[PDB]
Amino acid sequence: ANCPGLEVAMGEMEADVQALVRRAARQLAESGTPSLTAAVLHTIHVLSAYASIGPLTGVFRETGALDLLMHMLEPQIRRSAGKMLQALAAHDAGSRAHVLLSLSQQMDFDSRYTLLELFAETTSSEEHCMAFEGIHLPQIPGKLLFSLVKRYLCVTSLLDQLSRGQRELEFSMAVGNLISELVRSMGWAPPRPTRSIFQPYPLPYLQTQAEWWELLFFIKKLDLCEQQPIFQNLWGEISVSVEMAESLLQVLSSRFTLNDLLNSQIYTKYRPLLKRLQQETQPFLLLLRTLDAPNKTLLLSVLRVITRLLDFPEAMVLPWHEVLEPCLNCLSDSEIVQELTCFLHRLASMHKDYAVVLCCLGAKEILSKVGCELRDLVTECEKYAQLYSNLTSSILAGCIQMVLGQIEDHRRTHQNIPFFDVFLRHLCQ
């Protein structure tokens with residue numbers, strides 16, 4: 001109705017797959033001749049050109065070119081297979097995310113950077129790329145960004161093949177995880193009477209499962225072992241009664257993270273001390289409300305405290321994200337300056353992460369309005385601020401796209417996943 005505009009080549013293509021494959025294997029078993037390396041390199045170039053064909057993706061995925069892509073991912077082969085992934089990805093995202101996440105399955109700063117580079121380059125589709133009006137899109141740390149990317153990749157991995165109830169439950173849990181971790185990382189933690197959306201005889205249009213799904217998700221968040229007896233007690237679309245739900249929440253509260261559990265709507269409707277102050281993220285946000293600070297002696301002593309804590313042998317579970325941007329924006333005391341100096345010097349001392357965050361935040365710039373190692377670690381390399389910010393904007397565009405796509409599919413099918421209300425509300429605010 002709307003748009004009426006819209007083989008032997010494939011068999012020869014399969015022959016080409018076999019031949020180029022055996023040649024790649026020969027290049028691998030003869031990984032001593034840069035000549036043969038380069039030959040098969042341009043070969044895979046021609047391959048990528050061919051696999052750029054739309055319907056050929058069938059023959060591609062059937063031949064298993066991912067095995068070669070993995071055995072390949074030399075700088076020549078590196079840049080080659082990178083371009084290769086880009087070409088193979090533009091049209092088809094599934095096997096893209098798949099081979100990527102499985103190569104991931106096969107974490108130093110080097111590994112993290114290699115991975116994020118492969119992502120940020122190889123998978124830049126129209127879905128991931130769009131505009132942004134420069135709202136205060138905050139920073140993040142490396143490990144958190146990496147976890148967000150892995151979740152996004154799993155989502156897109158399963159987001160096309162959709163018993164069928166099993167696939168539905170899997171996809172629901174997947175998107176729930178992605179939105180959960182995204183809200184966390186990016187740090188975003190009576191109704192009016194029924195009026196018709198259309199009116200500016202009685203109107204035949206003007207006149208729970210989601211709760212159970214969310215409960216089941218939280219249950220699956222428990223250990224599989226300790227859930228095996230919980231599984232038996234249960235014995236996944238069995239409706240519940242409020243009493244059974246209260247029992248469930250009570251028995252789950254005993255195992256163990258749960259700051260979001262406590263802040264959830266499901267409960268609304270239904271050393272070791274350091275461990276306590278940590279696990280209770282209410283004490284985390286309380287650390288934030290304390291740092292919210294004339295507070296000369298208090299702030300000075302607390303900075304000394306968190307500093308002696310900054311060489312703690314463990315317990316980096318601390319947020320370590322807001323621990324920078326407030327002071328970085330704040331700065332007239334000589335003690336103020338020296339405190340900021342100790343602050344940075346400790347910050348870039350254990351994990352380069354938040355130091356890199358400062359770098360992206362403009363650290364080596366403020367190291368000019370100034371004392372030495374600050375800038376030394378600040379402009380150690382700015383070859384990553386662009387990449388980190390790129391990964392942030394990309395992941396956000398991708399998740400907003402998944403949201404829109406779900407709204408459209410449910411329009412088509414005439415029929416609620418976890419946390420979707422949270423995301424929709426906080427995006428509409």
# chains A, B, ... in the order shown; residues from 1 in each chain; ligands from 1
$ residues_around --residues "residue 378 (chain A)" --least-positions-apart "3" --cutoff "8 Å" --atoms "only C-alpha atoms" --output "ChimeraX atom specification"
/A:355-356,358-359,363-364,373-375,381
$ residues_around --residues "region 420-426 of chain A" --least-positions-apart "6" --cutoff "8 Å" --atoms "only C-alpha atoms" --output "mmCIF file with C-alpha atoms, in the first residue's frame"
data_model
loop_
_atom_site.group_PDB
_atom_site.id
_atom_site.type_symbol
_atom_site.label_atom_id
_atom_site.label_comp_id
_atom_site.auth_asym_id
_atom_site.auth_seq_id
_atom_site.Cartn_x
_atom_site.Cartn_y
_atom_site.Cartn_z
ATOM 1 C CA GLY A 176 15.461 -4.838 32.419
ATOM 2 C CA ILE A 179 17.871 -0.036 31.815
ATOM 3 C CA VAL A 183 19.964 4.414 35.238
ATOM 4 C CA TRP A 188 19.361 9.209 37.584
#
$ closest_residue --among "A:237, A:226, A:108, A:14" --to "residue 59 (chain A)" --atoms "only C-alpha atoms"
A:14
$ residues_around --residues "residue 67 (chain A)" --least-positions-apart "6" --cutoff "12 Å" --atoms "only C-alpha atoms" --output "ChimeraX atom specification"
/A:21,24-25,60-61,73,81,95,98-100,102-103
$ select_by_dssp --residues "region 168-309 of chain A" --states "alpha helix (DSSP H)" --output "NGL selection string"
:A and (168-185 or 209-220 or 224-234 or 242-252 or 259-263 or 265-269 or 272-279 or 281-291 or 296-309)
$ residues_around --residues "region 411-418 of chain A" --least-positions-apart "6" --cutoff "12 Å" --atoms "only C-alpha atoms" --output "PyMOL selection string"
chain A and resi 168-180+208-218+264-266+403-405+424
$ write_last_selection --atoms "C-alpha atoms" --output "JSON list (two decimals), in the first residue's frame"
[["chain", "number", "residue", "atom", "x", "y", "z"],
["A", 168, "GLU", "CA", 9.74, -13.32, 25.80],
["A", 169, "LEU", "CA", 10.92, -13.83, 29.36],
["A", 170, "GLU", "CA", 14.55, -13.75, 28.27],
["A", 171, "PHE", "CA", 14.16, -10.52, 26.33],
["A", 172, "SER", "CA", 12.26, -8.92, 29.20],
["A", 173, "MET", "CA", 14.97, -9.73, 31.70],
["A", 174, "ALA", "CA", 17.59, -8.49, 29.24],
["A", 175, "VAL", "CA", 16.11, -5.05, 28.71],
["A", 176, "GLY", "CA", 15.46, -4.84, 32.42],
["A", 177, "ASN", "CA", 19.14, -5.35, 33.10],
["A", 178, "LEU", "CA", 20.19, -2.76, 30.52],
["A", 179, "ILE", "CA", 17.87, -0.04, 31.82],
["A", 180, "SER", "CA", 18.77, -0.86, 35.41],
["A", 208, "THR", "CA", -0.86, -7.87, 37.74],
["A", 209, "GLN", "CA", 1.62, -9.46, 35.35],
["A", 210, "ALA", "CA", 4.21, -6.68, 35.44],
["A", 211, "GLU", "CA", 4.49, -6.82, 39.22],
["A", 212, "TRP", "CA", 5.04, -10.56, 39.08],
["A", 213, "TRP", "CA", 7.63, -10.13, 36.34],
["A", 214, "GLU", "CA", 9.60, -7.62, 38.41],
["A", 215, "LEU", "CA", 9.44, -9.90, 41.43],
["A", 216, "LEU", "CA", 10.71, -12.78, 39.32],
["A", 217, "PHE", "CA", 13.58, -10.65, 38.06],
["A", 218, "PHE", "CA", 14.66, -9.79, 41.59],
["A", 264, "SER", "CA", 11.47, 0.06, 44.09],
["A", 265, "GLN", "CA", 7.71, 0.31, 43.74],
["A", 266, "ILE", "CA", 7.26, -3.39, 44.47],
["A", 403, "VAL", "CA", 12.55, 2.02, 23.71],
["A", 404, "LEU", "CA", 10.95, 3.52, 20.62],
["A", 405, "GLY", "CA", 11.08, 0.22, 18.78],
["A", 424, "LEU", "CA", 9.71, 6.42, 30.46]]
$ residues_around --residues "residue 259 (chain A)" --least-positions-apart "2" --cutoff "7 Å" --atoms "only C-alpha atoms" --output "PDB file with N, CA and C atoms, in the first residue's frame"
ATOM      1  N   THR A 257      23.489  -3.447  46.683  1.00  0.00           N
ATOM      2  CA  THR A 257      22.674  -4.030  45.628  1.00  0.00           C
ATOM      3  C   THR A 257      21.221  -3.679  45.830  1.00  0.00           C
ATOM      4  N   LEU A 261      16.337  -2.180  45.232  1.00  0.00           N
ATOM      5  CA  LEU A 261      15.236  -3.012  45.706  1.00  0.00           C
ATOM      6  C   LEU A 261      14.386  -2.257  46.705  1.00  0.00           C
ATOM      7  N   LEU A 262      15.031  -1.570  47.640  1.00  0.00           N
ATOM      8  CA  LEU A 262      14.304  -0.793  48.628  1.00  0.00           C
ATOM      9  C   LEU A 262      13.651   0.428  48.007  1.00  0.00           C
ATOM     10  N   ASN A 263      14.274   1.018  46.996  1.00  0.00           N
ATOM     11  CA  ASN A 263      13.680   2.186  46.363  1.00  0.00           C
ATOM     12  C   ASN A 263      12.625   1.822  45.331  1.00  0.00           C
ATOM     13  N   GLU A 280      24.745  -0.631  52.504  1.00  0.00           N
ATOM     14  CA  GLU A 280      23.640   0.309  52.592  1.00  0.00           C
ATOM     15  C   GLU A 280      23.980   1.535  51.763  1.00  0.00           C
ATOM     16  N   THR A 281      23.542   1.557  50.505  1.00  0.00           N
ATOM     17  CA  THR A 281      23.797   2.718  49.663  1.00  0.00           C
ATOM     18  C   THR A 281      23.049   3.949  50.141  1.00  0.00           C
TER      19      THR A 281
END
$ residues_around --residues "residue 336 (chain A)" --least-positions-apart "2" --cutoff "12 Å" --atoms "only C-alpha atoms" --output "list in words"
residues 294, 295, 296, 297, 299, 300, 303, 327, 328, 330, 331, 332, 333, 334, 338, 339, 340, 341, 342 and 343 of chain A
$ write_last_selection --atoms "N, CA, C and O atoms" --output "short mmCIF file (atom, residue, chain, number, x, y, z; two decimals), in the first residue's frame"
data_model
loop_
_atom_site.label_atom_id
_atom_site.label_comp_id
_atom_site.auth_asym_id
_atom_site.auth_seq_id
_atom_site.Cartn_x
_atom_site.Cartn_y
_atom_site.Cartn_z
N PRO A 294 32.44 27.16 54.31
CA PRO A 294 32.79 27.55 55.67
C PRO A 294 33.14 26.36 56.54
O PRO A 294 33.68 26.53 57.63
N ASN A 295 32.83 25.16 56.06
CA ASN A 295 32.97 23.94 56.85
C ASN A 295 34.43 23.53 56.95
O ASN A 295 34.83 22.43 56.56
N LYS A 296 35.23 24.43 57.51
CA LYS A 296 36.67 24.27 57.50
C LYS A 296 37.10 22.97 58.15
O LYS A 296 37.58 22.06 57.47
N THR A 297 36.89 22.86 59.47
CA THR A 297 37.44 21.73 60.20
C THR A 297 36.76 20.43 59.80
O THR A 297 37.42 19.40 59.61
N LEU A 299 35.17 19.58 56.90
CA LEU A 299 35.57 19.13 55.58
C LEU A 299 37.03 18.69 55.57
O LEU A 299 37.37 17.70 54.93
N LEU A 300 37.89 19.40 56.30
CA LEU A 300 39.31 19.07 56.27
C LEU A 300 39.54 17.69 56.87
O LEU A 300 40.26 16.86 56.29
N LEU A 303 38.12 14.95 54.57
CA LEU A 303 39.01 14.73 53.44
C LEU A 303 40.21 13.90 53.87
O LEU A 303 40.61 12.97 53.16
N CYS A 327 34.59 18.60 43.74
CA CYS A 327 35.79 19.37 44.03
C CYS A 327 36.36 20.00 42.77
O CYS A 327 36.83 21.14 42.79
N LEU A 328 36.32 19.25 41.66
CA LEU A 328 36.84 19.78 40.41
C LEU A 328 36.10 21.05 39.99
O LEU A 328 36.70 21.97 39.42
N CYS A 330 34.53 22.95 42.29
CA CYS A 330 34.63 23.89 43.40
C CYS A 330 35.89 24.74 43.29
O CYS A 330 35.83 25.96 43.41
N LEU A 331 37.03 24.10 43.05
CA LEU A 331 38.27 24.87 42.93
C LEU A 331 39.37 24.10 42.22
O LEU A 331 40.55 24.42 42.39
N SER A 332 39.01 29.87 49.09
CA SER A 332 40.24 30.20 48.38
C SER A 332 41.46 29.93 49.26
O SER A 332 42.52 30.50 49.05
N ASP A 333 41.28 29.04 50.23
CA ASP A 333 42.31 28.81 51.23
C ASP A 333 43.55 28.15 50.62
O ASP A 333 43.46 27.40 49.65
N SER A 334 44.71 28.44 51.22
CA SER A 334 45.90 27.66 50.92
C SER A 334 45.70 26.21 51.35
O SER A 334 46.15 25.28 50.67
N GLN A 338 45.88 22.96 48.94
CA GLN A 338 46.65 21.78 49.30
C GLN A 338 45.76 20.56 49.46
O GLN A 338 46.17 19.44 49.14
N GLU A 339 44.53 20.76 49.92
CA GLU A 339 43.60 19.66 50.04
C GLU A 339 43.22 19.13 48.68
O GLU A 339 43.17 17.91 48.47
N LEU A 340 42.95 20.02 47.73
CA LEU A 340 42.68 19.56 46.37
C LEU A 340 43.89 18.83 45.81
O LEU A 340 43.74 17.86 45.05
N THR A 341 45.08 19.29 46.16
CA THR A 341 46.30 18.64 45.67
C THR A 341 46.38 17.21 46.19
O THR A 341 46.61 16.27 45.42
N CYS A 342 46.20 17.03 47.50
CA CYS A 342 46.18 15.69 48.06
C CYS A 342 45.04 14.87 47.46
O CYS A 342 45.20 13.67 47.21
N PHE A 343 43.91 15.52 47.20
CA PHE A 343 42.75 14.85 46.63
C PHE A 343 43.09 14.22 45.29
O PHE A 343 42.95 13.00 45.10
#
$ closest_residue --among "A:260, A:408, A:127, A:353" --to "residue 91 (chain A)" --atoms "only C-alpha atoms"
A:127
$ atom_distance --atom1 "CA of residue 71 (chain A)" --atom2 "CA of residue 51 (chain A)"
18.2 Å
